[PDB]
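Structure, as structure tokens:
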Amino acid sequence: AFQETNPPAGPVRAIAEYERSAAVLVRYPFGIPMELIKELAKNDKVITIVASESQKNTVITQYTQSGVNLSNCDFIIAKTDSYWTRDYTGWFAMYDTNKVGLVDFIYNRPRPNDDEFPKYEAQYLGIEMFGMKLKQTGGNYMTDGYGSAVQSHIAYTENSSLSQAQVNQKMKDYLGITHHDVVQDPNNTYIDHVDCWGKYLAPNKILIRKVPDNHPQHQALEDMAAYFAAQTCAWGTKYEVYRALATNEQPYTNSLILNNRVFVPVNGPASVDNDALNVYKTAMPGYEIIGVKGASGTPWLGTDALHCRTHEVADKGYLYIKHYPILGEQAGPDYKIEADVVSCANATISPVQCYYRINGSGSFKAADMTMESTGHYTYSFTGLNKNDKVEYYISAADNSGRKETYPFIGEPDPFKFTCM
Ligand SMILES: *CC(=N)NCCC[C@H](NC(=O)c1ccccc1)C(N)=O
Ligand code: NA
Ligand code: NA
């Protein structure tokens with residue numbers, strides 16, 4: 001059964017889907033095509049949930065026959081009621097400066113095996129688990145990694161014995177959420193999950209579903225796009241709002257960001273699918289955008305597609321870069337950046353660098369950042385003239401072999417500012 005615990009030792013920071021992932025969780029019997037599992041296993045660890053050793057063996061046979069990369073296949077043996085790992089598996093958060101933890105909750109469906117699964121997930125991964133006493137579902141949750149979370153109104157109505165203030169306080173305590181952005185669902189379906197209409201693509205980018213002008217939900221979705229366009233994101237700029245046009249209820253926002261790859265469910269027609277994939281390519285330079293056809297037995301639905309049947313797993317030894325960039329018109333006279341770098345692997349960090357380019361000319365140059373205090377690094381851009389345009393990103397490495405950049409994708413999408 002659900003076990004309430006004290007929240008994690010602070011400060012707490014929920015991890016975003018576009019941060020480093022060590023694995024992806026899927027479940028058998030399958031709700032996803034074998035081609036998706038094969039694609040995932042090329043570069044990432046795929047953890048398949050099975051109910052028994054016999055089911056594990058059945059799945060290994062199927063993976064071997066389909067040419068899945070077995071060297072990237074792991075298994076968790078636990079009973080589950082469904083393949084919606086997005087919704088019932090635990091949520092990841094950093095706490096106590098450099099630890100990765102799992103947050104359990106009361107799954108909002110009558111699925112006791114699914115509801116119990118986070119306990120087996122935490123034990124499998126070797127991390128601590130915290131029990132947040134809220135009725136929740138992962139499909140109705142997304143965080144920017146900077147203390148904001150977007151959820152539809154069911155986060156309140158399915159916790160109606162608690163005040164909104166108490167619900168917000170639990171999200172703050174267990175996940176570090178300082179802006180619990182609870183919105184009226186615009187999609188007109190029974191499910192009321194954010195992932196069927198909205199997705200943070202980066203701290204400063206949000207993808208919102210779009211439908212034809214004559215569709216009954218056209219204005220609700222246009223209103224939702226305007227709502228985020230007027231908001232200041234974690235980096236201090238207004239959100240970049242991208243739109244994926246669903247001409248016929250195609251679940252284009254129901255994608256999975258896994259490290260440098262994005263898996264987008266497609267169900268036709270080809271031209272409309274390709275238009276949606278091109279939105280992701282424009283929004284996410286440097287990422288590999290992959291269109292994924294559905295399984296014939298369990299097709300993608302407008303209320304249930306690829307994101308709904310997967311869940312990313314954070315790196316328990318995460319090399320985390322905390323950075324608030326300097327963007328747009330910078331008054332100066334100083335152009336100083338700061339980054340906090342912590343290793344959840346308790347690995348020795350070196351080097352910490354700033355990669356930069358001036359007036360988009362030549363190649364990116366590397367400069368060492370100064371460690372001013374433990375985990376706190378700084379860099380000042382010197383010799384810059386009026387109207388100089390700077391491109392930069394942060395890079396860190398540690399002695400466990402981890403290598404991370406901020407932004408995650410690095411060089412293909414750097415921070416940009418102009419000297420005033
Ligand atoms: C999109 C997401 N994060 N989750 C989708 C969960 C779909 C699931 N569907 C059903 O329960 C269902 C059963 C039988 C027929 C149709 C739908 C759910 N709502 O939990
Ligand atoms: Na079942
Ligand atoms: Na649970």
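Residue numbers start at 1 in each chain; chains themselves are named A, B, ... in the order of the structure tokens; ligands are numbered from 1 in the order shown.
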- Message: Using only C-alpha atoms, which protein or nucleic acid residues come within 8 Å of residue 82 in chain A? Drop anything in the same chain fewer than 2 positions from it, and give the result as number ranges by chain.
- Response: A: 27, 80, 84-85, 111, 114
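Every protein or nucleic acid residue with an atom no more than 8 Å from range 298-302 of chain A, counting only C-alpha atoms and leaving out same-chain residues fewer than 6 positions away, appears here: residues 31, 32, 196, 249, 250, 251, 265, 266 and 267 of chain A.
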For ligand 1, collect every residue having any atom at a distance of at most 6 Å from a ligand atom (counting only C-alpha atoms and all ligand atoms); output as a PDB file with N, CA, C and O atoms, in the first residue's frame.
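The new file pocket_9.pdb reads:
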```pdb
ATOM      1  N   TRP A  84       0.847   1.762 -18.981  1.00  0.00           N
ATOM      2  CA  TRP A  84       0.966   3.217 -18.879  1.00  0.00           C
ATOM      3  C   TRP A  84       2.008   3.607 -17.835  1.00  0.00           C
ATOM      4  O   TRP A  84       1.706   4.279 -16.847  1.00  0.00           O
ATOM      5  N   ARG A  86       4.124   5.814 -17.911  1.00  0.00           N
ATOM      6  CA  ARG A  86       4.152   7.272 -17.698  1.00  0.00           C
ATOM      7  C   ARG A  86       3.418   7.699 -16.477  1.00  0.00           C
ATOM      8  O   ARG A  86       3.798   8.701 -15.837  1.00  0.00           O
ATOM      9  N   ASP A  87       2.325   7.003 -16.154  1.00  0.00           N
ATOM     10  CA  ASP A  87       1.349   7.495 -15.191  1.00  0.00           C
ATOM     11  C   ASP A  87       1.508   7.017 -13.763  1.00  0.00           C
ATOM     12  O   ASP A  87       1.204   7.772 -12.843  1.00  0.00           O
ATOM     13  N   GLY A 139       1.119  11.390 -16.427  1.00  0.00           N
ATOM     14  CA  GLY A 139       0.686  11.940 -17.703  1.00  0.00           C
ATOM     15  C   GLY A 139       0.192  13.365 -17.571  1.00  0.00           C
ATOM     16  O   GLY A 139       0.308  14.161 -18.518  1.00  0.00           O
ATOM     17  N   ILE A 191      -9.744  12.389 -20.113  1.00  0.00           N
ATOM     18  CA  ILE A 191      -8.505  12.078 -19.394  1.00  0.00           C
ATOM     19  C   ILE A 191      -7.858  13.274 -18.672  1.00  0.00           C
ATOM     20  O   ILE A 191      -7.263  13.069 -17.600  1.00  0.00           O
ATOM     21  N   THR A 303      -5.766  10.569 -26.795  1.00  0.00           N
ATOM     22  CA  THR A 303      -5.681  10.599 -25.338  1.00  0.00           C
ATOM     23  C   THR A 303      -4.610   9.625 -24.794  1.00  0.00           C
ATOM     24  O   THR A 303      -4.583   9.381 -23.592  1.00  0.00           O
ATOM     25  N   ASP A 304      -3.823   8.991 -25.693  1.00  0.00           N
ATOM     26  CA  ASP A 304      -2.917   7.933 -25.270  1.00  0.00           C
ATOM     27  C   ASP A 304      -1.971   7.524 -26.395  1.00  0.00           C
ATOM     28  O   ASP A 304      -2.338   6.714 -27.252  1.00  0.00           O
ATOM     29  N   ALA A 305      -0.715   8.022 -26.327  1.00  0.00           N
ATOM     30  CA  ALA A 305       0.251   7.654 -27.309  1.00  0.00           C
ATOM     31  C   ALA A 305       1.613   7.335 -26.666  1.00  0.00           C
ATOM     32  O   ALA A 305       1.656   6.719 -25.587  1.00  0.00           O
ATOM     33  N   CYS A 308       2.720   8.441 -23.120  1.00  0.00           N
ATOM     34  CA  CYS A 308       1.845   7.797 -22.135  1.00  0.00           C
ATOM     35  C   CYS A 308       2.290   6.374 -21.786  1.00  0.00           C
ATOM     36  O   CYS A 308       1.832   5.841 -20.769  1.00  0.00           O
TER      37      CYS A 308
END
```
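Compared by their closest atoms to ligand 3, and using only C-alpha atoms and all ligand atoms, the residues A:83, A:95, A:120, A:63 rank with A:120 nearest.
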- Task: Identify, counting only C-alpha atoms and all ligand atoms, the protein, DNA and RNA residues located within 7 Å of ligand 3, and give them as number ranges by chain.
- Result: A: 2, 88, 104-107, 115-118
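Rounded to one decimal, CA of residue 401 in chain A and CA of residue 204 in chain A lie 28.8 Å from each other.
Considering only C-alpha atoms, the residue among A:24, A:331, A:60, A:129 positioned nearest to residue 92 in chain A is A:129.
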